[PDB]
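Below is one structure, written out as structure tokens; the observations come after it.
Cβ placement follows ideal geometry from the backbone for every residue including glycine, while neighbour counts extend to all protein chains displayed. Each reported figure results from applying straightforward, stated rules to the coordinates on display, with no laboratory input.
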Amino acid sequence: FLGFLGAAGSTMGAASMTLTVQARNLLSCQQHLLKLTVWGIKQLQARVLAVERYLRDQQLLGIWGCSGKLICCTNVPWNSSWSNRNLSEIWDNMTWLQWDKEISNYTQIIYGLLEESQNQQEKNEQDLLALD
Amino acid sequence: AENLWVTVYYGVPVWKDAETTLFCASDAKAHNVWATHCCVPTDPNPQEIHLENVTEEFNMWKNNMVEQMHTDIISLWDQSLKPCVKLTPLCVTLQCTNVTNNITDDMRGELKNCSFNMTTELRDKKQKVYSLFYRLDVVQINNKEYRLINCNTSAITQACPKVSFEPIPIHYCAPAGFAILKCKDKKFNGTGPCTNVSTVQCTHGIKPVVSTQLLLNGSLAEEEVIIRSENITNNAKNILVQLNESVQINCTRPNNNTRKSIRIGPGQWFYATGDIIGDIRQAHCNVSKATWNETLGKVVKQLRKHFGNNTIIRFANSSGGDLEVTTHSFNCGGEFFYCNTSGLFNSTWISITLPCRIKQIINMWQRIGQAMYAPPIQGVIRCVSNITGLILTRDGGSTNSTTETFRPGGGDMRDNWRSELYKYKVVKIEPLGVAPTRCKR
Amino acid sequence: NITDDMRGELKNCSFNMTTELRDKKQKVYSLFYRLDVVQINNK
Amino acid sequence: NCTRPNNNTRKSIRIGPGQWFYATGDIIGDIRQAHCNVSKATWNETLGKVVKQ
Ligand SMILES: *[C@@H]1O[C@H](CO)[C@@H](O[C@@H]2O[C@H](CO)[C@@H](O[C@@H]3O[C@H](CO[C@H]4O[C@H](CO)[C@@H](O)[C@H](O)[C@@H]4O)[C@@H](O)[C@H](O[C@H]4O[C@H](CO)[C@@H](O)[C@H](O)[C@@H]4O[C@H]4O[C@H](CO)[C@@H](O)[C@H](O)[C@@H]4O)[C@@H]3O)[C@H](O)[C@H]2NC(C)=O)[C@H](O)[C@H]1NC(C)=O
Ligand SMILES: *[C@@H]1O[C@H](CO[C@@H]2O[C@@H](C)[C@@H](O)[C@@H](O)[C@@H]2O)[C@@H](O[C@@H]2O[C@H](CO)[C@@H](O)[C@H](O)[C@H]2NC(C)=O)[C@H](O)[C@H]1NC(C)=O
Ligand SMILES: *[C@@H]1O[C@H](CO)[C@@H](O[C@@H]2O[C@H](CO)[C@@H](O)[C@H](O)[C@H]2NC(C)=O)[C@H](O)[C@H]1NC(C)=O
Ligand SMILES: *[C@@H]1O[C@H](CO)[C@@H](O[C@@H]2O[C@H](CO)[C@@H](O)[C@H](O)[C@H]2NC(C)=O)[C@H](O)[C@H]1NC(C)=O
Ligand SMILES: *[C@@H]1O[C@H](CO)[C@@H](O[C@@H]2O[C@H](CO)[C@@H](O)[C@H](O)[C@H]2NC(C)=O)[C@H](O)[C@H]1NC(C)=O
Ligand SMILES: *[C@@H]1O[C@H](CO)[C@@H](O[C@@H]2O[C@H](CO)[C@@H](O)[C@H](O)[C@H]2NC(C)=O)[C@H](O)[C@H]1NC(C)=O
Ligand SMILES: *[C@@H]1O[C@H](CO)[C@@H](O[C@@H]2O[C@H](CO)[C@@H](O)[C@H](O)[C@H]2NC(C)=O)[C@H](O)[C@H]1NC(C)=O
Ligand SMILES: *[C@@H]1O[C@H](CO)[C@@H](O[C@@H]2O[C@H](CO)[C@@H](O)[C@H](O)[C@H]2NC(C)=O)[C@H](O)[C@H]1NC(C)=O
Ligand SMILES: *[C@@H]1O[C@H](CO)[C@@H](O)[C@H](O)[C@H]1NC(C)=O
Ligand SMILES: *[C@@H]1O[C@H](CO)[C@@H](O)[C@H](O)[C@H]1NC(C)=O
Ligand SMILES: *[C@@H]1O[C@H](CO)[C@@H](O)[C@H](O)[C@H]1NC(C)=O
Ligand SMILES: *[C@@H]1O[C@H](CO)[C@@H](O)[C@H](O)[C@H]1NC(C)=O
Ligand SMILES: *[C@@H]1O[C@H](CO)[C@@H](O)[C@H](O)[C@H]1NC(C)=O
Ligand SMILES: *[C@@H]1O[C@H](CO)[C@@H](O)[C@H](O)[C@H]1NC(C)=O
Ligand SMILES: *[C@@H]1O[C@H](CO)[C@@H](O)[C@H](O)[C@H]1NC(C)=O
Ligand SMILES: *[C@@H]1O[C@H](CO)[C@@H](O)[C@H](O)[C@H]1NC(C)=O
Ligand SMILES: *[C@@H]1O[C@H](CO)[C@@H](O)[C@H](O)[C@H]1NC(C)=O
Ligand SMILES: *[C@@H]1O[C@H](CO)[C@@H](O)[C@H](O)[C@H]1NC(C)=O
Ligand SMILES: *[C@@H]1O[C@H](CO)[C@@H](O)[C@H](O)[C@H]1NC(C)=O
Ligand SMILES: *[C@@H]1O[C@H](CO)[C@@H](O)[C@H](O)[C@H]1NC(C)=O
Ligand SMILES: *[C@@H]1O[C@H](CO)[C@@H](O)[C@H](O)[C@H]1NC(C)=O
Ligand SMILES: *[C@@H]1O[C@H](CO)[C@@H](O)[C@H](O)[C@H]1NC(C)=O
Ligand SMILES: *[C@@H]1O[C@H](CO)[C@@H](O)[C@H](O)[C@H]1NC(C)=O
Ligand SMILES: *[C@@H]1O[C@H](CO)[C@@H](O)[C@H](O)[C@H]1NC(C)=O
């Protein structure tokens, strides 16, 4: 908790340097909870949900071939229709909150393409003469 | 022709508005109900982070943190009373007299001496007992025969004479995956964007104080009196006035009481009000006239700001309805006072003693079906508190700009929390995102 | 006003029961179906 | 088609503080027996299908 959100106003490029700050903070009595068994449930539900959300994101990175990475490259080309901007307009002079608002509607298109790309890559690994 | 390739980032600082459940935490240092349901300590030095260049929209009228305090508070009241003695056996015909010994005329007819037949610990034996009652809780049958006020409506239980309901500052904290954002900007309206924000782990300490008309013991604004409302134009809405100067109010219950323990069943005790020692006097509150008749002047200048430059502002008394609505419901020392506030709102802009009534059978505002009996306090009590804000209701909206009338209003329990949860919003953190770069596998 | 097919099917029963006060009783009555009412040892 | 032909009313009896008992009141009009109607024309065919199977 030394920047949980310190990069929020930074540009997209600059904010790429705090990815471990946000990730490490996303998976952070005695008798009362059992004597009054309403609160034991209220507390467990909050804990179970934090775990399920964490795992769903990890499963996607696994499927897309980005497991274990905070920054990962793929082979899906960027469609100009998703955002008609060049790199100097995206990485500089723009925040991640603004970018998310701009992309939002295309999130599922992009995710579907990332999954298709990884499956094609695996098919090419079961053919010993691949990519030649 | 950019030829870029959708790279993937995880741990991206993006957040969205969200509703989740917050957990309570305390100072550790604090038989009080909130000292037990607020066990987890807060950090002694909360990690607040300033967010540079962040603009965020807030709305105190749609803030779900308020709704959670309402649920948590009523939930605890309904758990604390769970193991305690039912007073069903006291719903019997009572024989009552007028308690005329050593009475101030202001108290004439206020107390009744009632005797009745009730059981002992044995199924086959009865005892004759008597106790004093306040007239508010005793209703005549069809001139000596009386019933408890709620026998045809609700069950009655005895408040546990062990459990304290004295407010303790509590803090609300976010669950993992969530964060609380705060406005530090100035003169905030309660709605709209603020440009000076920070991220926190938990809220400041908030005392769950519940009162009507006047708001006690809260945060005392900062720079000026600030008037907030959902609409202001719509006379169906309340106006919340937060003061930058507190007004000290001194309340007391002058009668020296004692108690008697009556067996009501095997292992079950009933606590009855005993004789008054010395003179019988009326309960009351003192507001310094020298502060009140200035505090309103500050409110009026700020109130005029929203209605006109040359208009008359009038403060009138409250309207009709139940004591919970028409009076200042004040909980202090363990007893429930209903004070008359007409003496505070009797003027036109262009020491004050308030009498109080005491009630023991409380049909709490929270619901209909069960009522609580509040055991009496031994000796005498005094309360000192800070008026930090007012709840006003506009009783005009008529086609006459000459003048407008305001009355004490409110009464919703949430009006006492909305003013503290005012600065906070809950958001969810969403760590994935994508963006083009000039790099492929 | 009974159809013969219903003769003996319904019973009119009165009884002493309490009111909201511990010390007071009321006399009330209601109708019952014979299936739910059993004779003690004729009224 | 099933029916209950008797026109009933209700009375509320206090049984305790905040507790009500709902009792059956007087029958309005004639007292008749409850019954169900099955079309004979369908039943004595439906069983024939069952019997073959
Ligand atoms: C806005 O904020 C203010 C400030 O916090 C708040 O006012 C404060 O309210 C609390 C509660 O009403 C007051 O606390 C009480 O003060 C009395 C005063 O006693 C003094 O003298 C005795 C003499 O021996 C000293 O021992 C004592 O330390 C004080 O000097 C206390 O007596 C109260 O304690 C008793 O009641 C408690 C209730 O749970 C018990 O837990 C405690 O053990 C005490 O009870 C014992 O003695 C009783 C005597 O008959 C006996 O019957 C019991 O069975 C038991 O043995 C308590 O401390 C506090 O002083 C107020 N502050 C000021 C400045 O007045 C406002 O109320 C708040 N406004 C709101 C919420 O609307
Ligand atoms: C870039 O994407 C377009 C299609 O995107 C459209 O808008 C999206 C929000 C969503 O609604 C899509 O379903 C839309 O189609 C691609 O153009 C499509 O190409 C296919 C190929 O056969 C064609 O059948 C579609 O009709 C085309 N859509 C349109 C509107 O003409 C385009 O090829 C993509 N470019 C790259 C480089 O991937
Ligand atoms: C908030 O915005 C200001 C400017 O709008 C940012 O300041 C710039 O920071 C870069 C960093 O190298 C400097 O080169 C610029 O000259 C600065 N601008 C000015 C006007 O001084 C500031 O960093 C932003 N805050 C965040 C968190 O990004
Ligand atoms: C992403 O979705 C939003 C809505 O969720 C789109 O905005 C709406 O677009 C329709 C188009 O007729 C308008 O009528 C709505 O008023 C718009 N809503 C808002 C809030 O402005 C948005 O255009 C979509 N973006 C893309 C790129 O398709
Ligand atoms: C309330 O009524 C009771 C009696 O029902 C009063 O108690 C009696 O007071 C006289 C005064 O000398 C005593 O001699 C009796 O022995 C008392 N009787 C009992 C049973 O204690 C009581 O004082 C009345 N209280 C008030 C405030 O008037
Ligand atoms: C946001 O509000 C805070 C108020 O808490 C401002 O912090 C104060 O800034 C003044 C500037 O001289 C300092 O003297 C105070 O001591 C600061 N207060 C605290 C508690 O440290 C802050 O500057 C405001 N930020 C913006 C951008 O206006
Ligand atoms: C306060 O609420 C009133 C009531 O809805 C709003 O005034 C009305 O707004 C509607 C919008 O279509 C108009 O058609 C009505 O004629 C308006 N009423 C009157 C009397 O003019 C009002 O704007 C709201 N004001 C604020 C500050 O929220
Ligand atoms: C609060 O106190 C005021 C006065 O101390 C009460 O006002 C009186 O109300 C009666 C009702 O008709 C009038 O006849 C008197 O003339 C009023 N007195 C004054 C000075 O105006 C008021 O009713 C009390 N409120 C409550 C809820 O009891
Ligand atoms: C008894 O109390 C009633 C309350 O209104 C009062 O009017 C009556 O005068 C009282 N009786 C005596 C003897 O004071
Ligand atoms: C207790 O019961 C007796 C029975 O006759 C009755 O006379 C007496 O008045 C009752 N006492 C009270 C206080 O109701
Ligand atoms: C209980 O009796 C009082 C007597 O005046 C009456 O006003 C009240 O409405 C009754 N309550 C119910 C629930 O019938
Ligand atoms: C009342 O206001 C004064 C003003 O400084 C403050 O010191 C005191 O602690 C306040 N009391 C309460 C109960 O908040
Ligand atoms: C409260 O606000 C008024 C507004 O004009 C101001 O004059 C007064 O000095 C303020 N009081 C404090 C304690 O700052
Ligand atoms: C403050 O609230 C009132 C009530 O809706 C509104 O009309 C006014 O524009 C608000 N002020 C700001 C700065 O949003
Ligand atoms: C209120 O002021 C009056 C003035 O004489 C005084 O007698 C009374 O005791 C005061 N009450 C409180 C609670 O201080
Ligand atoms: C409340 O009591 C304190 C006790 O010292 C006193 O100083 C103060 O002036 C009183 N407040 C009022 C409004 O009378
Ligand atoms: C109302 O009075 C204030 C006092 O300074 C002034 O600034 C404002 O312009 C006045 N408004 C109108 C409409 O005259
Ligand atoms: C309002 O003030 C006038 C001023 O003389 C006074 O006579 C009247 O009794 C006051 N009303 C209340 C309810 O105190
Ligand atoms: C008392 O209230 C009246 C209301 O109009 C006001 O005119 C008067 O100046 C106030 N007293 C003081 C000392 O300000
Ligand atoms: C009540 O009266 C008794 C009588 O001696 C006294 O001891 C006690 O202290 C008094 N309690 C008060 C005034 O709180
Ligand atoms: C009362 O009901 C019984 C039920 O079998 C019946 O035999 C008897 O004749 C009935 N009495 C009258 C008066 O109809
Ligand atoms: C009610 O009690 C009285 C007591 O004598 C008894 O005579 C009467 O028959 C009882 N009523 C019923 C319907 O049992
Ligand atoms: C059953 O058929 C008979 C034939 O007369 C009719 O009177 C009766 O109302 C019918 N019942 C139903 C439930 O339709
Ligand atoms: C049931 O009632 C409906 C009502 O229109 C009727 O058409 C149908 O024939 C009835 N069925 C039987 C089995 O009588």
Which part of segment B:420-441 falls in the paramagnetic zone of A:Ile103, meaning amide N under 12 Å from the point 7 Å along Cα-to-beta-carbon? B:431-437
Modelled label-to-label distance, A:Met94 and A:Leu36, 7 Å Cα→beta-carbon offset: nm? 5.0
Excluding residues on the same chain fewer than 8 positions from B:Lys359, give the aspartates and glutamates whose Cα lies under 14 Å from its Cα. B:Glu110, B:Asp137, B:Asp322, B:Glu324, B:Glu335
Cα-based Rg and Dmax for chain A, in Å, come out at 20.2, 69
So what is the 222 nm mean residue ellipticity for the protein assembly as shown from helices alone, if each DSSP H run of at least 4 adds -39500 (n - 2.57) and you divide by all residues, rounding to the nearest 500 deg cm²/dmol? -5500 deg cm²/dmol
Residues in segment B:347-378 that a label on B:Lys301 would reach, taking backbone N under 17 Å of a point 7 Å out along Cα→Cβ: B:349-350
Report, as an integer, the average count of C-beta atoms from other chains found within 10 Å of each Cβ along A:19-25. 4
Taking other Cβ within 10 Å of each residue's Cβ, how do B:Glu110, B:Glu324 sort, fewest first? B:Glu324, B:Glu110
Excluding residues fewer than 8 places away in the same chain, name every one of the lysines whose C-alpha is closer than 18 Å to that of B:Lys128. B:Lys112, B:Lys144, B:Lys260, C:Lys24
Among the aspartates and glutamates, which fall within straight-line cross-link reach of A:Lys123, defined as a Cα-Cα distance under 15 Å, with same-chain neighbours fewer than 8 residues apart omitted? A:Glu115, A:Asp132
Using the alpha-carbon centroid of each, what span in Å lies between segment D:26-44 and segment C:1-19? 21
If you count, for every residue in A:67-74, the Cβ atoms of partner chains within 10 Å of its Cβ, what is the mean? 5
The farthest towards the positive end of the charge dipole of the protein assembly as shown, of the residues D:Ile13, B:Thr20, B:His37, given +1 on Cβ of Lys and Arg and -1 on Cβ of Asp and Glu, is D:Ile13
Rounded to a whole number, the mean other protein chain Cβ count within 10 angstrom for residues of A:52-63 is 2
In debye, nearest 20: dipole of chain A around its Cα centre with unit charges on the Cβ of K, R (+) and D, E (-)? 940
Does anything in segment B:404-441 have its amide N under 17 Å from the 7 Å Cα→Cβ label point of A:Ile63, and if so which residues? B:431-434
Round to the nearest 10 and give me the degree value, 0 to 90, for the angle of helix D:40-52's Cα axis relative to the longest principal axis of chain D. 60
Sorted by average packing, counted as other Cβ atoms within 10 angstrom per residue and highest first, what order do B:18-26, C:9-17, A:119-127 take? B:18-26, C:9-17, A:119-127
With only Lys, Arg, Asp and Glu charged, each at its Cβ (+1 for the first two, -1 for the last two), find how big the charge dipole of the protein assembly as shown is about the Cα centre; round to the nearest 20 debye. 2940
